[PDB]
Every structure is written in structure tokens, then in C-alpha cells.
Amino acid sequence: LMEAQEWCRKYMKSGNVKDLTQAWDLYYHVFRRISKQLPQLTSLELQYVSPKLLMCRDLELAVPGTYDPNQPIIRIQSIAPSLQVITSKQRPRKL
Amino acid sequence: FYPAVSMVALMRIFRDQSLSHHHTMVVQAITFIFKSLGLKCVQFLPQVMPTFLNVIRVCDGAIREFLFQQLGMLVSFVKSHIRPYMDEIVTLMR
Amino acid sequence: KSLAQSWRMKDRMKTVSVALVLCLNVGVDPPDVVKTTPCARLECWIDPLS
């Protein structure tokens, strides 16, 4: 990606398509690789993605869309250690 | 289907007041069910076992020597899958 | 009179190559062993199910 950025930036001083073909080589390269990765990212181990939330225990901050002025606060005791991922267009998490 | 229905009816009795007479009968059925199923019996464990162990502590000693005979029978069919409830069992034995 | 000194390993074998046949149809428990809920799911220091 650094190298494809270099070539697309060498376009902005020269303006040749011969720069751009070298960049789209590497771009399509990672595109195809990453396209072959995302189908199997079915669950996200929370340590790998966001350590602060794994570390998080017992926030005073309330569980989102629970707060009632007439109830006592049901507060975030702890976030779950791993996240199920729904497969759609937008790959939502089931946090 | 069939084992699941019977198990639910049996366990609906298996709660103090009706069992005053019909403990023994229920437990004889269960033990026969698990004996018959193989290892597919394992699915009913969390339904049966918590009530079962509480029955032993609650009931009279007239029955109690029998319940342990049948507990040991459940144990044998289930084998290693009983491990979650083992603390309670050992507490009961102790 | 020096002894029949048999300390050599003139039989110097060498392991050249390795097959890692590895039947491990992941997420498909074969009909023999019905596995536990918290079973041993590690497998060369990886949870395959994750």
C-alpha cells in the first residue's frame, strides 16, 4: 500500500498511466487477498481488535439504551470477550 | 420427541408434594430412559440433575439409600459429562 | 589385548521427509465421541472453532 501510494504520487508530478498500472497491480493484489480473508472473519476476539474494552470492568457509564430516570442504573459490568459477526453487505457485529 | 415428553412429565412430579409417595417410581423411569438412549441421554442432564441432587438433601432416609443407587446408575450411563455437577454430588456423599 | 570396541554408530540414519496427514474436519464431530460443552478444543495451540 505504501508502494502503490508512491506510484499514484509519482502520477501527480509526471502524469503517465505507466505509473498507475504498477499501483493498480498491488491494489488489486491486496484487494483479492483481503476479499479472500473477509469471508472467514466470522468472530472477532476482542483482545486483537480493541484491548481497552477487554480491560474494561465496572464502568459507572450505563448500558447503552437502558437509562431510565425512574429505574436504578443497569451499568456496564463488563464487555463480552469475543464478538459474533453477522454476514451481510455491511457485516454487523453481535456485541 | 418421546423421551423429551416423558422427562418433562416426570420432572413435573419430581418437586416435593406428589413425590411424598412417588419418588421411587419417577427415578426408576429416568434410569431406564438413560439406559435406553445411549449417550444421547446427555441432552437431558441439566434438566434432571439440579432437581435430583436437591431431592436427596430434602427427602427422608426411607428413600435415600435407593436414590444414591440410582444416582450411581445415572453417573454410569452419562460417564464424564457429569463433571459439572460433581461438587454437589461429593457434598451430598460427604 | 585391546577389546572389541563397539561404541560407533556406523548405522547413521537420517530422516529426510515428513507427511502430515491431518484428518480434522473442523466443526463436524464424528459420530463416535459425543464431546463435552467445555471440551478440549485446542489443536496445535489454536482454537479451530474461533
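As deposited, the entry is annotated with cryo-EM as its determination method and 3.8 Å as its resolution.

With that settled, the discussion passes to the nonpolar core. Residue and element names in this part refer to chain B. Counting residues in each nonpolar core, the largest one holds 31 residues, and the members touching the most others are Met7, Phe14, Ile30, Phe34, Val48 and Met49. Ranked by residues supplied to this core, first place goes to helix α3 (residues 45–58) with seven residues. With sequence-adjacent residues up to four places away left out, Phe34 is seen in contact with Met7, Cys41, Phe44, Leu45, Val48, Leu74, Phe77 and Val78.

Whenever strands of a sheet pair, they do so through backbone hydrogen bonds, lying parallel or antiparallel. All names here are of chain A. The antiparallel open sheet is built from three strands, whose spatial order is β1-β2-β3. Looking along the sheet, the strands with just one partner apiece sit at the ends: β1 (43–45) and β3 (93–94). In this structure, β1 lies alongside strand β2 (residues 82–85), joined through three bridges in antiparallel fashion. Residue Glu45 lies in a different strand from β2, and its bridge partner there is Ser82.

Below, the discussion takes up the packing of helix α1 (residues 2–14) of chain A against helix α2 (residues 17–35) of chain A. Residues and elements named next belong to chain A. At a closest axis distance of 8 Å, the pairing of α1 and α2 adopts a crossing angle of 160°. Viewed along their axes, α1 and α2 adopt a mutual orientation that is roughly antiparallel. Seen along the crossing, α1 lies across α2 with a hand that is left-handed. Taken together, the residues of α2 that come into contact with α1 (itself represented by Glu3, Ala4, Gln5, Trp7, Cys8, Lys10, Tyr11 and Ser14) are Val17, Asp19, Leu20, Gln22, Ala23, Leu26 and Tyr27. By residue class, the composition of the contact of α1 with α2 is nine nonpolar, three polar and three charged.

Basis of the calculations
- Residues numbered from 1 in each chain as written, not as in the entry; some residues may be left out.
- Chains lettered and ligands numbered in written order.
- Part of a larger assembly, values for the part shown.
- Heavy atoms only, no water.
- Core = buried A, V, L, I, M, F, W, Y, C linked by side-chain atoms within 4.5 Å.
- Buried < 20%, exposed > 50% of the residue type's maximum accessible area, 1.4 Å probe, protein only.
- Helix = DSSP H or I, 4+ residues; strand = E, 2+ residues; numbered from the N terminus.
- Contact = heavy atoms within 4.5 Å.
- Pairing = 2+ DSSP bridges.
- Axes fitted to C-alpha atoms, helices over the stretch in contact; angles between N-to-C directions.
- Parallel < 35°, antiparallel > 145°, perpendicular 65-115°, else oblique.
- Left-handed = near helix turned anticlockwise from the far one by under 90°.
- Nonpolar A, V, L, I, M, F, W, Y, C, P; charged D, E, K, R; others polar.

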